[PDB]
Amino acid sequence: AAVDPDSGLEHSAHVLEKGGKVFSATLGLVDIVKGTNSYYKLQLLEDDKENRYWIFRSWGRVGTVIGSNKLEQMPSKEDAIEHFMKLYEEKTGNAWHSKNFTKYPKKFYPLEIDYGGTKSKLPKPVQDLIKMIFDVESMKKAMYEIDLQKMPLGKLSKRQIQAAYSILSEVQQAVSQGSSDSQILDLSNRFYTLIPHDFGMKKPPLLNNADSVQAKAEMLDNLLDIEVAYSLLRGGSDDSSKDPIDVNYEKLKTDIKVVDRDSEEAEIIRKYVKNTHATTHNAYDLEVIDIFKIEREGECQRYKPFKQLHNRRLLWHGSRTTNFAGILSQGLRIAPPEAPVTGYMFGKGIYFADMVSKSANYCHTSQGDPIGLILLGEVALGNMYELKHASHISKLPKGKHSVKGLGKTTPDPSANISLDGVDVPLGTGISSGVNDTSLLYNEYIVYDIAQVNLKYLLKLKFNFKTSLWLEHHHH
Amino acid sequence: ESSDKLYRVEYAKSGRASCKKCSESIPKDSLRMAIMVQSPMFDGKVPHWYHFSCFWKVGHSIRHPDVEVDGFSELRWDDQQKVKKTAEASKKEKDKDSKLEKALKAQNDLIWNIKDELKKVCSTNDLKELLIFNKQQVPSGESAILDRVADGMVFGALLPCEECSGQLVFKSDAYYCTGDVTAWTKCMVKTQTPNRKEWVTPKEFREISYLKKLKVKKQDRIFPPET
DNA sequence: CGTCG
DNA sequence: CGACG
Ligand SMILES: NC(=O)c1cccc2nc(-c3ccc(C(=O)NCCc4nc5ccccc5[nH]4)cc3)[nH]c12
Ligand SMILES: [Zn+2]
Ligand SMILES: [Zn+2]
């Protein structure tokens, strides 16, 4: 683990480790009822060499300078650990070796913080793709980054963020109903104690606002999928040959083949992207860099039951490139049954888009990341049970296989093509006439992971129409 | 809502508080005013104390001492009428409010006449036992001990909360529950007519009760006129 | 433990 | 929060 700098001994001493455990407690305390956002860092530090020990305490509010610290050199490690454990007790109410931690009122709460020559012979575009999707550098930029506001105390562990996400599921189901204000107050208390937030001297807010709740949930899902793709990023310890290119290429169990750019299917994909790129609500042009026909292991056979099901279509699915690795390793997944269902526009299930713009908006490619990823999928939308206004659902209607959120903007229905007997809606944005609706662009949704079959993966370039492109566009 | 109420007033719980102006210690059991300020040492407010005169020497424009000061309605009626003055220094409804305020004055003087003999004859452990014997909750501090004893003897032995079952206590505006619904939150249930039973004095405190001359004049907690 | 900073 | 009677 680390060493708090307010002691100043990071260069002169390190934190202690015995019996597997480590002596660095990060207790929090959040009370929205009064507005208390207190912290407490407690460390037992041993000199790098000599047998000299200190107990370091630091307290105050989150993010602000309000607080203090104190270092107390101890006599020996024995007395030092005695004082450390009795301090942990006095503060959090539980003992150091308390397997099951039981929260007590007016007491703090500990927080888990995570720490710690050959040649490939493959086609080159795939190796570039791999270097992108297994980009350990960006993975570290995601997890191991400062951003004090996000992590005012430290990089929380996976279990912490997952528990926070579950409590947010509870918050969502309370927002949907007319829950008691006290229940939501307790939800806020626990969610802010579990995840610290620099609110300055401002009283921490309540989670009454549903939109901010969904935003924090997006943040938590981001961090969660990040740590998951990081756990997938690791795991190799054999086959030390053919560069890690082959290693992480075979870690996906997928057959990836760079579709010839000049090929017919590639031309049809380019026309799809061109027509369905609605610059409206999208301040960025798109350039088709690379095409990849992907055959995912197993997904090919599990899709056969619906191979004959009529009304199959090629659709866009787009998420952060960070997840794409896992999305290729395990195939497109559905939200878990225990995740909240009110946040989803049309409930849990594979989402799709006939407008590449909408699906691309989810890649969250920033100005500093002009490259994005998106997937073309042969989904066998059996029968589209259409829904104009948003509506969370559970029961698939009788003889209906999929949901279609209707937006006024749709691909030109006349402009469509049957590739492999699959309808491709590569038309330009026309006014569907659908009125009294909530969606802008159409949403296509299925509710069976086998109903989908990922066919192509597009490397896209998000040429944001900025000063650079602006100079290139007037000469 | 408490709303902090930085202006604060009460009797000196100890003789250790130093006046932030003259630096002299504030004697125990002496009327003293403070202002609640956010300390830089920890995430928690703290009272800067002053002598009653030193507080008004530093200049304050308190227009409504009752509402802007936490604990104003918990003092002696005489010290109250002193603060009410020092702060700035109808046809029938008029007499109605005047007479009800006279009743408030009587009630305040009565409670203090109680507490006087209460601590004069009884020890702290005796008050603790009195509170225990009425399903109450022993508070921290002799002052709060005698406050809850007087409350239970005048308005009846308080009964557990309806939600969390924690004992509630009288606040400036109404009775607030001090219980903890869960380990993460505190109960904010607030009402002006809580459920109570009658106070009970054991045989031990029978001759002592006679020494107190317990009148047992039943009544109801008068709450502030504000709104 | 109960104040005060 | 810690510090002290
Ligand atoms: N990429 C496409 O192909 C695509 C195309 C068109 C529409 C699309 N909608 C999605 C989508 C949105 C949202 C989610 C999603 O995690 N919900 C989260 C809702 C939510 N609130 C919460 C609040 C608290 C706790 C947990 C919460 N989850 C998944 C897919 N993807 C779309
Ligand atoms: Zn003074
Ligand atoms: Zn209660």
# chains A, B, ... in the order shown; residues from 1 in each chain; ligands from 1

$ interface_residues --of "chain A" --to "chain B" --cutoff "7 Å" --atoms "only C-alpha atoms" --output "ChimeraX atom specification"
/A:36,38,59-61,66-68,103-105,186,189-190

$ residues_around --residues "residue 5 of chain C" --least-positions-apart "5" --cutoff "9 Å" --atoms "only C-alpha atoms (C1' of nucleotides)" --output "list in words"
residues 39, 41, 46, 47 and 48 of chain B; 2 and 3 of chain D

$ interface_residues --of "chain B" --to "chain C" --cutoff "8 Å" --atoms "only C-alpha atoms (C1' of nucleotides)" --output "ChimeraX atom specification"
/B:13-14,16-17,46,140-141

$ residues_near_ligand --ligand "ligand 1" --cutoff "6 Å" --atoms "only C-alpha atoms (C1' of nucleotides) and all ligand atoms" --output "number ranges by chain"
A: 165, 168-169, 172, 213-214, 217, 316-319, 340, 343-344, 351-353, 358-359, 362, 443

$ atom_distance --atom1 "atom CA of residue 237 of chain A" --atom2 "atom CA of residue 254 of chain A"
20.1 Å

$ residues_near_ligand --ligand "ligand 3" --cutoff "12 Å" --atoms "only C-alpha atoms (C1' of nucleotides) and all ligand atoms" --output "PyMOL selection string"
(chain A and resi 182) or (chain B and resi 159-169+175-182+185-191+194)

$ residues_near_ligand --ligand "ligand 2" --cutoff "6 Å" --atoms "only C-alpha atoms (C1' of nucleotides) and all ligand atoms" --output "JSON, numbers by chain"
{"B": [19, 21, 22, 24, 50, 51, 54]}

$ select_by_dssp --residues "segment 318-445 of chain A" --states "alpha helix (DSSP H)" --output "PyMOL selection string"
chain A and resi 321-330+356-361

$ write_last_selection --atoms "N, CA and C atoms" --output "PDB file, in the first residue's frame"
ATOM      1  N   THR A 321     -14.698   1.630 -26.268  1.00  0.00           N
ATOM      2  CA  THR A 321     -13.749   0.679 -26.837  1.00  0.00           C
ATOM      3  C   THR A 321     -13.125  -0.195 -25.757  1.00  0.00           C
ATOM      4  N   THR A 322     -12.999   0.334 -24.538  1.00  0.00           N
ATOM      5  CA  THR A 322     -12.394  -0.426 -23.450  1.00  0.00           C
ATOM      6  C   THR A 322     -13.091  -1.767 -23.252  1.00  0.00           C
ATOM      7  N   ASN A 323     -14.417  -1.790 -23.383  1.00  0.00           N
ATOM      8  CA  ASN A 323     -15.171  -3.016 -23.166  1.00  0.00           C
ATOM      9  C   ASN A 323     -15.107  -3.969 -24.350  1.00  0.00           C
ATOM     10  N   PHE A 324     -14.771  -3.468 -25.543  1.00  0.00           N
ATOM     11  CA  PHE A 324     -14.895  -4.288 -26.744  1.00  0.00           C
ATOM     12  C   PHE A 324     -14.170  -5.617 -26.602  1.00  0.00           C
ATOM     13  N   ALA A 325     -12.992  -5.607 -25.974  1.00  0.00           N
ATOM     14  CA  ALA A 325     -12.268  -6.852 -25.752  1.00  0.00           C
ATOM     15  C   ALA A 325     -13.186  -7.894 -25.125  1.00  0.00           C
ATOM     16  N   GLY A 326     -13.719  -7.588 -23.940  1.00  0.00           N
ATOM     17  CA  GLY A 326     -14.628  -8.521 -23.297  1.00  0.00           C
ATOM     18  C   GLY A 326     -15.849  -8.809 -24.149  1.00  0.00           C
ATOM     19  N   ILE A 327     -16.356  -7.790 -24.846  1.00  0.00           N
ATOM     20  CA  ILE A 327     -17.541  -7.987 -25.675  1.00  0.00           C
ATOM     21  C   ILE A 327     -17.254  -8.996 -26.776  1.00  0.00           C
ATOM     22  N   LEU A 328     -15.997  -9.086 -27.219  1.00  0.00           N
ATOM     23  CA  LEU A 328     -15.639 -10.108 -28.194  1.00  0.00           C
ATOM     24  C   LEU A 328     -15.346 -11.444 -27.523  1.00  0.00           C
ATOM     25  N   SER A 329     -14.863 -11.418 -26.279  1.00  0.00           N
ATOM     26  CA  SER A 329     -14.491 -12.658 -25.604  1.00  0.00           C
ATOM     27  C   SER A 329     -15.721 -13.441 -25.156  1.00  0.00           C
ATOM     28  N   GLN A 330     -16.758 -12.743 -24.688  1.00  0.00           N
ATOM     29  CA  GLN A 330     -17.946 -13.385 -24.143  1.00  0.00           C
ATOM     30  C   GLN A 330     -19.193 -13.193 -24.995  1.00  0.00           C
ATOM     31  N   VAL A 356     -26.353   4.869 -37.155  1.00  0.00           N
ATOM     32  CA  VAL A 356     -25.019   4.717 -36.583  1.00  0.00           C
ATOM     33  C   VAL A 356     -24.704   5.850 -35.619  1.00  0.00           C
ATOM     34  N   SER A 357     -25.339   7.009 -35.799  1.00  0.00           N
ATOM     35  CA  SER A 357     -25.073   8.145 -34.921  1.00  0.00           C
ATOM     36  C   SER A 357     -25.403   7.814 -33.471  1.00  0.00           C
ATOM     37  N   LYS A 358     -26.607   7.296 -33.226  1.00  0.00           N
ATOM     38  CA  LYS A 358     -27.027   7.026 -31.855  1.00  0.00           C
ATOM     39  C   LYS A 358     -26.116   5.997 -31.197  1.00  0.00           C
ATOM     40  N   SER A 359     -25.865   4.880 -31.882  1.00  0.00           N
ATOM     41  CA  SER A 359     -25.006   3.851 -31.307  1.00  0.00           C
ATOM     42  C   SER A 359     -23.594   4.372 -31.078  1.00  0.00           C
ATOM     43  N   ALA A 360     -23.109   5.252 -31.957  1.00  0.00           N
ATOM     44  CA  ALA A 360     -21.770   5.804 -31.785  1.00  0.00           C
ATOM     45  C   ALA A 360     -21.703   6.741 -30.590  1.00  0.00           C
ATOM     46  N   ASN A 361     -22.779   7.491 -30.325  1.00  0.00           N
ATOM     47  CA  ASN A 361     -22.788   8.382 -29.167  1.00  0.00           C
ATOM     48  C   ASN A 361     -22.417   7.658 -27.879  1.00  0.00           C
TER      49      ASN A 361
END

$ closest_residue --among "A:278, A:380, A:450, A:29" --to "residue 191 of chain A" --atoms "only C-alpha atoms"
A:29

$ select_by_dssp --residues "segment 289-445 of chain A" --states "strand (DSSP E)" --output "PyMOL selection string"
chain A and resi 289-296+313-317+351-353+371-379+384-387+402-405+407-411+417-419+422-424+429-431+439-441+443-445

$ residues_around --residues "residue 150 of chain A" --least-positions-apart "6" --cutoff "12 Å" --atoms "only C-alpha atoms (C1' of nucleotides)" --output "list in words"
residues 62, 63, 142, 143, 144, 156, 195, 196, 197, 198, 199, 216, 219, 220 and 223 of chain A

$ write_last_selection --atoms "N, CA, C and O atoms" --output "short mmCIF file (atom, residue, chain, number, x, y, z; two decimals), in the first residue's frame"
data_model
loop_
_atom_site.label_atom_id
_atom_site.label_comp_id
_atom_site.auth_asym_id
_atom_site.auth_seq_id
_atom_site.Cartn_x
_atom_site.Cartn_y
_atom_site.Cartn_z
N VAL A 62 -13.62 15.91 3.45
CA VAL A 62 -13.15 15.38 2.18
C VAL A 62 -12.80 16.53 1.25
O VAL A 62 -13.59 17.47 1.08
N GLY A 63 -11.62 16.46 0.64
CA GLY A 63 -11.22 17.42 -0.36
C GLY A 63 -10.72 18.73 0.20
O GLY A 63 -9.80 19.34 -0.36
N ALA A 142 -7.38 4.86 -17.10
CA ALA A 142 -8.73 4.79 -16.56
C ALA A 142 -8.71 4.49 -15.06
O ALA A 142 -9.19 5.29 -14.25
N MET A 143 -8.14 3.34 -14.68
CA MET A 143 -8.13 2.96 -13.27
C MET A 143 -7.15 3.80 -12.47
O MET A 143 -7.53 4.55 -11.57
N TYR A 144 -5.86 3.70 -12.80
CA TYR A 144 -4.79 4.28 -11.98
C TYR A 144 -4.55 5.71 -12.46
O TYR A 144 -3.64 6.01 -13.23
N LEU A 156 -10.98 2.94 -5.24
CA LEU A 156 -11.75 1.92 -4.55
C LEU A 156 -11.63 0.58 -5.26
O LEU A 156 -11.37 0.51 -6.46
N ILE A 195 -18.92 5.62 -1.15
CA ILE A 195 -18.16 6.31 -2.18
C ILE A 195 -17.97 7.77 -1.78
O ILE A 195 -18.94 8.54 -1.82
N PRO A 196 -16.77 8.20 -1.39
CA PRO A 196 -16.60 9.59 -0.99
C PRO A 196 -16.69 10.53 -2.19
O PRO A 196 -16.38 10.16 -3.32
N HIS A 197 -17.13 11.75 -1.91
CA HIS A 197 -17.28 12.78 -2.94
C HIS A 197 -16.90 14.13 -2.35
O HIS A 197 -17.39 14.50 -1.28
N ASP A 198 -16.03 14.85 -3.05
CA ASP A 198 -15.63 16.18 -2.60
C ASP A 198 -16.75 17.18 -2.84
O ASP A 198 -16.87 17.74 -3.94
N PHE A 199 -17.58 17.41 -1.83
CA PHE A 199 -18.63 18.41 -1.88
C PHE A 199 -18.25 19.69 -1.15
O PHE A 199 -19.12 20.53 -0.90
N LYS A 216 -24.55 9.02 -12.10
CA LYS A 216 -23.63 8.32 -11.21
C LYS A 216 -23.62 6.83 -11.50
O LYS A 216 -22.58 6.17 -11.36
N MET A 219 -21.36 6.31 -14.34
CA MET A 219 -19.98 6.36 -13.85
C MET A 219 -19.58 5.03 -13.21
O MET A 219 -18.48 4.51 -13.47
N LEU A 220 -20.45 4.48 -12.37
CA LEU A 220 -20.13 3.23 -11.69
C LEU A 220 -20.01 2.08 -12.67
O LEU A 220 -19.10 1.25 -12.55
N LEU A 223 -16.61 2.40 -14.40
CA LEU A 223 -15.51 1.89 -13.59
C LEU A 223 -15.57 0.37 -13.46
O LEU A 223 -14.53 -0.31 -13.45
#

$ residues_around --residues "residue 200 of chain B" --least-positions-apart "5" --cutoff "9 Å" --atoms "only C-alpha atoms (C1' of nucleotides)" --output "PyMOL selection string"
chain B and resi 130+133-134+153+156-157

$ closest_residue --among "A:17, A:377, A:283, A:401" --to "residue 469 of chain A" --atoms "only C-alpha atoms"
A:283

$ residues_around --residues "segment 73-78 of chain B" --least-positions-apart "4" --cutoff "7 Å" --atoms "only C-alpha atoms (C1' of nucleotides)" --output "NGL selection string"
:B and (10 or 66 or 82 or 105 or 108-109 or 112 or 172)

$ write_last_selection --atoms "N, CA, C and O atoms" --output "short mmCIF file (atom, residue, chain, number, x, y, z; two decimals), in the first residue's frame"
data_model
loop_
_atom_site.label_atom_id
_atom_site.label_comp_id
_atom_site.auth_asym_id
_atom_site.auth_seq_id
_atom_site.Cartn_x
_atom_site.Cartn_y
_atom_site.Cartn_z
N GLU B 10 -26.79 29.48 26.77
CA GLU B 10 -27.04 28.44 27.77
C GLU B 10 -26.23 28.76 29.02
O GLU B 10 -25.42 29.69 29.04
N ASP B 66 -35.35 34.56 20.07
CA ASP B 66 -35.99 33.27 20.30
C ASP B 66 -35.75 32.31 19.14
O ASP B 66 -35.35 31.16 19.34
N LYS B 82 -33.90 39.24 30.09
CA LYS B 82 -32.69 40.05 30.02
C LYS B 82 -32.07 40.00 28.63
O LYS B 82 -31.67 41.04 28.08
N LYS B 105 -44.69 32.12 31.44
CA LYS B 105 -43.81 32.59 32.51
C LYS B 105 -43.97 31.74 33.76
O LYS B 105 -42.99 31.34 34.40
N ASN B 108 -42.26 28.37 33.28
CA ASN B 108 -40.80 28.44 33.33
C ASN B 108 -40.31 28.58 34.77
O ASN B 108 -39.42 27.84 35.22
N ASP B 109 -40.89 29.53 35.51
CA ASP B 109 -40.51 29.69 36.91
C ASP B 109 -40.76 28.41 37.70
O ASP B 109 -39.99 28.06 38.59
N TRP B 112 -37.99 25.83 37.02
CA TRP B 112 -36.73 26.15 37.69
C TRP B 112 -36.83 25.97 39.20
O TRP B 112 -35.89 25.47 39.84
N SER B 172 -36.21 23.25 21.13
CA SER B 172 -36.72 24.61 21.22
C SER B 172 -38.13 24.72 20.66
O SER B 172 -38.98 25.43 21.23
#

$ residues_around --residues "segment 2-11 of chain A" --least-positions-apart "5" --cutoff "12 Å" --atoms "only C-alpha atoms (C1' of nucleotides)" --output "PyMOL selection string"
chain A and resi 16-17+22-26+40-49+52-59+65+67-73+113-116+153-155

$ write_last_selection --atoms "C-alpha atoms" --output "CSV table (one decimal), in the first residue's frame"
chain,number,residue,atom,x,y,z
A,16,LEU,CA,3.5,-2.4,7.7
A,17,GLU,CA,2.3,-5.9,6.7
A,22,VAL,CA,-2.0,-4.3,5.9
A,23,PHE,CA,-2.1,-1.4,8.3
A,24,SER,CA,-3.8,1.5,6.4
A,25,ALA,CA,-7.4,2.2,7.4
A,26,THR,CA,-9.5,4.7,5.4
A,40,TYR,CA,-10.1,9.3,8.9
A,41,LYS,CA,-6.8,7.8,7.7
A,42,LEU,CA,-5.0,5.6,10.2
A,43,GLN,CA,-1.6,4.1,9.4
A,44,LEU,CA,1.1,2.2,11.2
A,45,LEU,CA,4.5,3.0,9.6
A,46,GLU,CA,7.7,1.1,10.0
A,47,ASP,CA,11.1,2.7,9.0
A,48,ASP,CA,12.5,1.3,5.8
A,49,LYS,CA,15.4,-0.2,7.6
A,52,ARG,CA,11.2,2.3,14.3
A,53,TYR,CA,7.5,2.7,14.3
A,54,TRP,CA,4.9,5.5,14.2
A,55,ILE,CA,1.2,5.8,14.4
A,56,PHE,CA,-0.1,8.3,11.9
A,57,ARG,CA,-3.6,9.7,12.2
A,58,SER,CA,-5.3,12.2,9.9
A,59,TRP,CA,-8.9,13.6,10.0
A,65,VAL,CA,-8.0,21.5,4.0
A,67,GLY,CA,-8.9,18.8,9.3
A,68,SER,CA,-5.5,17.9,10.8
A,69,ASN,CA,-3.0,15.1,11.3
A,70,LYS,CA,-0.7,13.8,14.0
A,71,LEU,CA,2.3,11.5,14.0
A,72,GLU,CA,3.3,9.6,17.2
A,73,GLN,CA,6.5,7.6,17.2
A,113,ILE,CA,-8.8,0.4,-1.8
A,114,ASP,CA,-7.1,-1.6,-4.5
A,115,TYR,CA,-3.3,-1.4,-5.1
A,116,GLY,CA,-0.6,-3.1,-7.1
A,153,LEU,CA,-9.6,9.1,-1.0
A,154,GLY,CA,-8.3,6.5,-3.4
A,155,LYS,CA,-9.0,4.0,-6.1

$ closest_residue --among "A:260, A:378, A:39, A:334" --to "chain D" --atoms "only C-alpha atoms (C1' of nucleotides)"
A:39

$ decode --residues "segment 52-136 of chain B" --atoms "C-alpha atoms" --output "PDB file, in the first residue's frame"
ATOM      1  CA  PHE B  52     -22.913  37.777  28.483  1.00  0.00           C
ATOM      2  CA  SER B  53     -21.569  41.339  28.371  1.00  0.00           C
ATOM      3  CA  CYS B  54     -18.569  40.557  26.157  1.00  0.00           C
ATOM      4  CA  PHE B  55     -20.881  38.909  23.614  1.00  0.00           C
ATOM      5  CA  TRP B  56     -22.875  42.109  23.094  1.00  0.00           C
ATOM      6  CA  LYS B  57     -19.690  44.203  23.261  1.00  0.00           C
ATOM      7  CA  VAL B  58     -18.493  42.730  19.940  1.00  0.00           C
ATOM      8  CA  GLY B  59     -21.645  43.908  18.156  1.00  0.00           C
ATOM      9  CA  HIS B  60     -24.611  41.798  17.066  1.00  0.00           C
ATOM     10  CA  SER B  61     -27.919  42.642  15.389  1.00  0.00           C
ATOM     11  CA  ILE B  62     -30.131  39.814  16.633  1.00  0.00           C
ATOM     12  CA  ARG B  63     -33.679  40.780  15.682  1.00  0.00           C
ATOM     13  CA  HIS B  64     -35.407  37.615  16.965  1.00  0.00           C
ATOM     14  CA  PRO B  65     -33.405  36.031  19.811  1.00  0.00           C
ATOM     15  CA  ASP B  66     -35.987  33.269  20.299  1.00  0.00           C
ATOM     16  CA  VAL B  67     -35.898  31.883  16.759  1.00  0.00           C
ATOM     17  CA  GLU B  68     -32.247  32.673  15.959  1.00  0.00           C
ATOM     18  CA  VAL B  69     -30.810  31.240  19.208  1.00  0.00           C
ATOM     19  CA  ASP B  70     -30.875  27.533  20.041  1.00  0.00           C
ATOM     20  CA  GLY B  71     -31.772  27.023  23.694  1.00  0.00           C
ATOM     21  CA  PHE B  72     -33.356  30.443  24.246  1.00  0.00           C
ATOM     22  CA  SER B  73     -36.645  28.937  25.440  1.00  0.00           C
ATOM     23  CA  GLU B  74     -34.691  26.576  27.741  1.00  0.00           C
ATOM     24  CA  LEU B  75     -33.398  29.252  30.158  1.00  0.00           C
ATOM     25  CA  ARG B  76     -34.846  31.041  33.167  1.00  0.00           C
ATOM     26  CA  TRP B  77     -37.612  33.503  32.342  1.00  0.00           C
ATOM     27  CA  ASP B  78     -35.641  36.316  33.998  1.00  0.00           C
ATOM     28  CA  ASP B  79     -32.422  35.679  32.068  1.00  0.00           C
ATOM     29  CA  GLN B  80     -34.614  35.351  28.977  1.00  0.00           C
ATOM     30  CA  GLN B  81     -36.236  38.761  29.497  1.00  0.00           C
ATOM     31  CA  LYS B  82     -32.686  40.046  30.022  1.00  0.00           C
ATOM     32  CA  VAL B  83     -31.408  38.674  26.702  1.00  0.00           C
ATOM     33  CA  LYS B  84     -34.537  39.783  24.834  1.00  0.00           C
ATOM     34  CA  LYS B  85     -33.750  43.358  25.884  1.00  0.00           C
ATOM     35  CA  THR B  86     -29.953  43.285  25.594  1.00  0.00           C
ATOM     36  CA  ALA B  87     -30.200  41.936  22.035  1.00  0.00           C
ATOM     37  CA  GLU B  88     -31.620  45.137  20.542  1.00  0.00           C
ATOM     38  CA  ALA B  89     -30.071  47.277  23.309  1.00  0.00           C
ATOM     39  CA  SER B  90     -55.772  43.951  17.878  1.00  0.00           C
ATOM     40  CA  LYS B  91     -58.525  44.612  20.427  1.00  0.00           C
ATOM     41  CA  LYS B  92     -59.065  41.224  22.128  1.00  0.00           C
ATOM     42  CA  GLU B  93     -56.427  38.847  20.718  1.00  0.00           C
ATOM     43  CA  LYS B  94     -53.901  41.143  22.414  1.00  0.00           C
ATOM     44  CA  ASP B  95     -55.042  40.217  25.928  1.00  0.00           C
ATOM     45  CA  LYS B  96     -55.377  36.554  24.915  1.00  0.00           C
ATOM     46  CA  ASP B  97     -51.730  36.319  23.874  1.00  0.00           C
ATOM     47  CA  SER B  98     -50.675  38.334  26.928  1.00  0.00           C
ATOM     48  CA  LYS B  99     -52.385  35.927  29.335  1.00  0.00           C
ATOM     49  CA  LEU B 100     -51.041  32.828  27.589  1.00  0.00           C
ATOM     50  CA  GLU B 101     -47.546  34.332  27.816  1.00  0.00           C
ATOM     51  CA  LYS B 102     -48.151  34.890  31.531  1.00  0.00           C
ATOM     52  CA  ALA B 103     -48.904  31.162  31.689  1.00  0.00           C
ATOM     53  CA  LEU B 104     -45.605  30.470  29.903  1.00  0.00           C
ATOM     54  CA  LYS B 105     -43.808  32.592  32.510  1.00  0.00           C
ATOM     55  CA  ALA B 106     -45.478  30.661  35.322  1.00  0.00           C
ATOM     56  CA  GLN B 107     -44.437  27.354  33.737  1.00  0.00           C
ATOM     57  CA  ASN B 108     -40.804  28.442  33.331  1.00  0.00           C
ATOM     58  CA  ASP B 109     -40.509  29.693  36.907  1.00  0.00           C
ATOM     59  CA  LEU B 110     -42.142  26.444  38.054  1.00  0.00           C
ATOM     60  CA  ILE B 111     -39.649  24.233  36.206  1.00  0.00           C
ATOM     61  CA  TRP B 112     -36.729  26.152  37.690  1.00  0.00           C
ATOM     62  CA  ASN B 113     -38.186  26.077  41.208  1.00  0.00           C
ATOM     63  CA  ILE B 114     -38.359  22.325  40.610  1.00  0.00           C
ATOM     64  CA  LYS B 115     -34.769  21.854  39.453  1.00  0.00           C
ATOM     65  CA  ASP B 116     -33.483  23.890  42.410  1.00  0.00           C
ATOM     66  CA  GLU B 117     -34.783  21.543  45.115  1.00  0.00           C
ATOM     67  CA  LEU B 118     -34.305  18.622  42.712  1.00  0.00           C
ATOM     68  CA  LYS B 119     -30.521  18.887  42.769  1.00  0.00           C
ATOM     69  CA  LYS B 120     -30.449  20.400  46.277  1.00  0.00           C
ATOM     70  CA  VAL B 121     -31.787  17.204  47.867  1.00  0.00           C
ATOM     71  CA  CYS B 122     -31.000  14.518  45.272  1.00  0.00           C
ATOM     72  CA  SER B 123     -27.651  13.246  44.009  1.00  0.00           C
ATOM     73  CA  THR B 124     -26.788  12.554  40.376  1.00  0.00           C
ATOM     74  CA  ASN B 125     -27.175   8.787  40.777  1.00  0.00           C
ATOM     75  CA  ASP B 126     -30.629   9.362  42.283  1.00  0.00           C
ATOM     76  CA  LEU B 127     -31.681  11.291  39.174  1.00  0.00           C
ATOM     77  CA  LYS B 128     -30.215   8.509  37.040  1.00  0.00           C
ATOM     78  CA  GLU B 129     -32.342   5.953  38.890  1.00  0.00           C
ATOM     79  CA  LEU B 130     -35.432   8.160  38.574  1.00  0.00           C
ATOM     80  CA  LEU B 131     -34.949   8.288  34.807  1.00  0.00           C
ATOM     81  CA  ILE B 132     -34.257   4.546  34.608  1.00  0.00           C
ATOM     82  CA  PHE B 133     -37.430   3.678  36.514  1.00  0.00           C
ATOM     83  CA  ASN B 134     -39.617   5.339  33.833  1.00  0.00           C
ATOM     84  CA  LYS B 135     -38.451   3.516  30.672  1.00  0.00           C
ATOM     85  CA  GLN B 136     -36.444   6.666  29.886  1.00  0.00           C
TER      86      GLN B 136
END
